[PDB]
Amino acid sequence: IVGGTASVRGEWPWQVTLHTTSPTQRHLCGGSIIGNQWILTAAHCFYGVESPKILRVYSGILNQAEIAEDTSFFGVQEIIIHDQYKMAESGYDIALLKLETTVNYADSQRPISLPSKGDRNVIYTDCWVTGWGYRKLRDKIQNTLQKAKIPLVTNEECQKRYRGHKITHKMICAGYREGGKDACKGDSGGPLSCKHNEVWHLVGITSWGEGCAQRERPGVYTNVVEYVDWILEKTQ
Ligand SMILES: NC(N)=NCCCCNC(=O)[C@H](Cc1ccccc1)NC(=O)c1ccc2[nH]c(=O)cc(O)c2c1
């Protein structure tokens, strides 16, 4: 996260850190708890991942330093990538991780609500992006989970900023005209969480953008409300 601040322990209890153990263990991507056995994340995170056996999901983490060889984790039974996914920039950048065991919910770890199809008309004014990613384009994975408040921008406005791309209705954009706050490398797969009527909703999945936090280059996120039928279908 560029231009953010450290999170409070437990304030984003749906946020997980997905690790790979190959060749040695490291953070791979963010993700969100959406059900007892289910993490929602980005499809592009699994480039070159041949097997779910190299994955570990850690929940209830603030600092990466909490994760040691003796720290408990959730195994991944199945990676489910959207069948129309080809690459992040062309959309469908969405994946489900079916966990080997179920998450026991607590103040440190609990699911985020998916948006309702009836909330497409809602104007979210309280949206946050979170993760352990770089704080500049050229950086490293951070110890402490970072957060940044970022305004949504219209698809028409976003499309103006990405003339070489097609910004579809299955994408959603967020950023400041002047830049300065954005997701960056290592934040992908994590949530864009918007608070509305005292309830947090998983509005976006961190997907792509041109560099990080640049002027007139909003972040692009998977528009989660467009995938609620897919999620239901795949989680049955
Ligand atoms: N809003 C904007 N401006 N962009 C959207 C966010 C940036 C997207 N890229 C990303 O977030 C990559 C995508 C990716 C995922 C998995 C594997 C490889 C690449 N992430 C990374 O490049 C990435 C992921 C995990 C990492 N772990 C480490 O220990 C060291 C790293 O340098 C590292 C880098």
Side-chain angles (χ1 to χ4, degrees), residues 1-5 29-32 40-45 47 81-95 112 114-131 133-139 146-196 200-231:
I1 302 291
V2 182
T5 61
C29 276
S32 298
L40 194 70
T41 184
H44 75 253
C45 292
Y47 175 80
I81 291 168
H82 198 286
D83 61 9
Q84 293 181 70
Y85 169 78
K86 302 306 159 236
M87 55 185 273
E89 292 160 67
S90 48
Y92 300 99
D93 192 12
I94 191 170
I112 180 155
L114 295 171
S116 159
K117 287 175 179 185
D119 292 338
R120 280 161 164 155
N121 82 131
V122 166
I123 297 291
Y124 299 103
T125 62
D126 195 12
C127 292
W128 295 73
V129 66
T130 51
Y134 293 11
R135 8 218 262 308
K136 38 173 182 189
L137 214 216
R138 26 155 157 287
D139 208 44
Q146 299 283 304
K147 63 182 181 188
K149 186 181 188 171
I150 298 180
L152 299 186
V153 304
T154 62
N155 275 30
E156 189 158 313
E157 170 63 14
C158 192
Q159 183 60 89
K160 278 203 215 165
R161 308 302 181 201
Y162 288 100
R163 303 275 202 184
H165 294 87
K166 180 62 199 175
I167 308 306
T168 70
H169 66 273
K170 298 193 188 295
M171 298 168 183
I172 191 162
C173 302
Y176 294 86
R177 184 189 172 169
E178 73 272 19
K181 292 183 169 175
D182 198 4
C184 203
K185 304 216 309 188
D187 294 320
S188 72
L192 177 66
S193 306
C194 303
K195 191 181 193 177
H196 185 61
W200 287 101
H201 296 269
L202 185 57
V203 168
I205 303 163
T206 300
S207 185
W208 65 276
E210 184 60 60
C212 305
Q214 297 200 98
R215 32 173 35 265
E216 297 180 357
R217 291 292 199 165
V220 190
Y221 300 77
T222 302
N223 192 11
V224 172
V225 68
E226 292 296 306
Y227 295 91
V228 297
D229 291 331
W230 180 82
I231 290 162

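Position 1 is the first residue of the sequence; numbering continues from there. Just so it is clear, the values below take in all heavy atoms, side chains as well, and ignore hydrogens, waters and symmetry mates.
In this structure, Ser32 and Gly190 approach most closely via the heavy-atom pair OG-C, 4.5 Å. Of all heavy-atom pairs between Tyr221 and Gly204, the closest is CB-CA, 4.1 Å. Closest approach of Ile81 and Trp230 over heavy atoms only: C-CZ2, 4.2 Å.
In this structure the side chain of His201 never reaches within 4.5 angstrom of the side chain of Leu114, judged on heavy atoms. Looking only at side-chain heavy atoms (C-beta outward), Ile231 and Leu40 come within less than 4.5 Å of each other. At least one side-chain heavy atom of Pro191 sits under 4.5 Å from a side-chain heavy atom of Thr130. When side chains are defined from C-beta on, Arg120 counts as touching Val225, because their heavy atoms get closer than 4.5 Å. At a threshold of 4.5 Å between non-hydrogen side-chain atoms, the residues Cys127 and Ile150 do not count as touching.
Scanning for ring pair (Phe, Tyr, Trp, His ring centres under 6.0 Å) contacts around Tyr85 gives an empty result, with sequence neighbours left out. Contacts of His165 classified as ring pair (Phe, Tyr, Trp, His ring centres under 6.0 Å), with partners at least two apart in sequence or in another chain: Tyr162, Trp208.
By the neighbour-count criterion of 12 heavy atoms within 6.0 Å, atom CD of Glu156 is sparsely surrounded, having that number or fewer from other residues, nucleotides or ligands.
To the nearest 0.5 Å, the span separating CD on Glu210 from CG on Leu137 amounts to 8.5 Å. Note that OH of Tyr47 is 14.5 Å distant from SG of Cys29, once rounded to the nearest 0.5 Å. Rounded to the nearest 0.5 angstrom, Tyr92 OH and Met87 CE are separated by 15.0 Å. The OH atom of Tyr176 sits 4.5 Å away from atom NZ of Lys181, with the distance rounded to the nearest 0.5 Å. Between the NZ atom of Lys117 and the CG atom of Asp229 there is a distance of 3.5 Å, given to the nearest 0.5 Å. To the nearest 0.5 Å, the span separating NZ on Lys149 from OG on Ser193 amounts to 13.5 Å.
No donor-acceptor pair under 3.5 Å is formed between the side chain of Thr206 and the backbone N or O of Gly189. A distance-only check finds no donor-acceptor pair linking the side chain of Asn155 to the backbone of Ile172 [under 3.5 Å]. Between the side chain of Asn223 and the backbone N or O of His169, at least one donor-acceptor pair lies under 3.5 Å. With hydrogens and angles disregarded, no donor-acceptor distance shorter than 3.5 Å links the side chain of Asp93 to the backbone of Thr222. Judged by distance alone, with hydrogens and angles left aside, the side-chain atoms of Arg217 form a donor-acceptor pair with the main-chain N or O of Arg161 at under 3.5 Å. Side chain of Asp119 to backbone of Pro115: no donor-acceptor contact under 3.5 angstrom is found. Checking side-chain atoms of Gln159 against main-chain N and O of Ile167 turns up a donor-acceptor pair under 3.5 Å. Remark: the backbone N or O of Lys170 is paired with a side-chain donor or acceptor of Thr168 at under 3.5 angstrom. At distances below 3.5 Å, not a single donor-acceptor pair connects side-chain atoms of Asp182 with backbone N or O atoms of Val2.
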| request: Step by step, work out the side chain to side chain contact (heavy atoms under 4.5 Å, CB included) result for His196 and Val122. | output: CA-CA 9 Å; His196 185 61; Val122 166; 3.5 Å; yes
| request: Start with the C-alpha distance between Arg135 and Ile1, add both sets of side-chain angles, then the distance that settles side chain to side chain contact (heavy atoms under 4.5 Å, CB included), and finish with yes or no. | output: CA-CA 5 Å; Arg135 8 218 262 308; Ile1 302 291; over 6 Å; no
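Between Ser207 and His44, the side chains place no donor N or O within less than 3.5 Å of an acceptor N or O (distance only, hydrogens not considered).
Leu192 pairs with exactly one of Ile205, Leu202, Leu152 by the side-chain contact (heavy atoms from CB on, under 4.5 Å) rule, that one being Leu152.
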